[PDB]
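Take a look at this single chain, the form deposited in one PDB entry, given in structure tokens.
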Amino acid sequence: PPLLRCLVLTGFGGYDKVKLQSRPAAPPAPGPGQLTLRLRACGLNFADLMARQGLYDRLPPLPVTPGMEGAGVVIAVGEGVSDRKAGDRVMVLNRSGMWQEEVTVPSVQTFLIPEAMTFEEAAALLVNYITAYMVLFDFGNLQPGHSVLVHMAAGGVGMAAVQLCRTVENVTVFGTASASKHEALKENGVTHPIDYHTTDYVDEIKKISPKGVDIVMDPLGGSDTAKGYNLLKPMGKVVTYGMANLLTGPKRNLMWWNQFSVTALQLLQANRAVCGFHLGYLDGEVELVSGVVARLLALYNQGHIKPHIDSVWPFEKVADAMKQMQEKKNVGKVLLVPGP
């Protein structure tokens, strides 16, 4: 059968909203500035779960193919495209459409993969490590001697942040994950693993550092964000980049009053900083993202970062992939493949 497979989001809601639909195998004809490519692997992000629940404000109208990060092979390029050609391995960063067999994207949103890196590391590199880099360095301005709190240090962005913190001299890493992963945390580079499930991490951090930490990374959101503000040392920065507490909390069917708010004078008198980052709402900045991608690839070629994979799932098991992240059962990156 000369058909292509695609994952489509017909409605907003639970895991069942992602359906497998067919398409008429057609000859690739990307327009000017475009690029048709077949996908080898796809990444699963928390922004994907936010979009599936309807909380991505820049999502195209339904029905639409989900997926924001992919990795595959260029099959064709349109007129005016000289930086890319057929057969090149590329990492794609988009707003939607990455969870299918074949996709046509703007060539500006693709980046060539260096050799010796598999597609699995490539699909596990873009979103997580770009977010960790831009949170730690662009906003957090990570320096030697600093102290960092990394929430969900076992997750993809968490492990990425731990590895990136190991690149800076004398960085105290506070990692939060289940006790079953604590050992692995110390393997990943975490200095003090803390289990937020049994005890309150604020006191566990205050007993080791009474004044707090320099940087706080908050993919949790809600109440924890407030906590992250009060754990800040002078010149400290709390950077929120996710809503894990919303999708991992007791209400996995959302219906939060714990939204943190601050005034300008409160920050002026506390000498603290609040930051918001989300790669989905950032595209359009050519140099801003290209420099980060280049520095990440250079760090990779020096053997200093290596995306770890937790599990790979076919399209037919996309649900089993998403729940794998929803119940926080993943150690690494959850991937999708368009395989039978």
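Rigid core: the largest C-alpha set superposing within 1.5 Å between the two forms. A residue's number is simply how far along the shown sequence it sits, counting from 1.
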Practice task
Count, per the entry, the deposited residues between residue 255 and residue 256 that are not modelled, and return the matching class: none, 1 to 3, 4 to 9, or 10 or more.
Solution key: 4 to 9
Fill in the blank from the handout: Mean Cα B-factor check, 317 to 325 vs 16 to 24, entry values; winner is 16 to 24
Handout entry: Mean C-alpha B-factor comparison - 211 to 219 and 72 to 80, higher one
Key = 72 to 80
Fill in the blank from the handout: Entry record, C-alpha B-factors for 63, 276, 32, 291; the maximum is at 32
Handout entry: Candidate residues 202, 184, 243, 103, the one whose C-alpha B factor the record puts highest
Key = 243
Problem - Third of the chain's Cα B-factor distribution that residue 67 belongs to, per the entry - result: lowest
Practice task
Quick one: classify residue 247 as lowest, middle or highest third of the chain based on its Cα B-factor.
Solution key: highest
Exercise for the section: Sort the modelled residues of this chain by their C-alpha B factor and say whether residue 236 lands in the lowest, middle or highest third. Expected result: lowest
Fill in the blank from the handout: In terms of its chain's C-alpha B-factors, the third that includes residue 3 is the highest
Practice task
Using the B-factor values recorded in the entry, state whether the Cα atom of residue 189 falls in the lowest, middle or highest third among the modelled residues of its chain.
Solution key: highest
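From this point on, the text means the form deposited with a small molecule bound, which you will not see here.
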Exercise for the section: Let me know the one among 124, 71, 157, 190 whose heavy atoms come within 4.5 Å of the small molecule in the deposited bound form, would you? Expected result: 157
Handout entry: Contacting member of 93, 90, 244, 103, with respect to the small molecule in the deposited bound form [4.5 Å, heavy atom]
Key = 244
Practice task
Consider residue 45 of the chain shown here, and say whether it contacts the small molecule in the deposited bound form, taking contact as heavy atoms within 4.5 Å.
Solution key: yes
Practice task
Spell out, yes or no, whether the shortest heavy atom distance between residue 300 and the small molecule in the deposited bound form is within 4.5 Å.
Solution key: no
Handout entry: Exercise: residue 177 in contact with the small molecule in the deposited bound form, heavy atom 4.5 Å
Key = yes
Practice task
Classify residue 278 as contacting or not contacting the small molecule in the deposited bound form by the rule of any non-hydrogen atom within 4.5 angstroms, answering yes or no.
Solution key: yes
Exercise for the section: Tell me the stretch among 20 to 28, 7 to 15, 325 to 333, 312 to 320 that has any heavy atom within 4.5 angstroms of the small molecule in the deposited bound form. Expected result: 325 to 333
Fill in the blank from the handout: In 305, 41, 292, 59, the 2 Å or greater C-alpha shift between the shown form and the other one, rigid core superposed, occurs only at 59
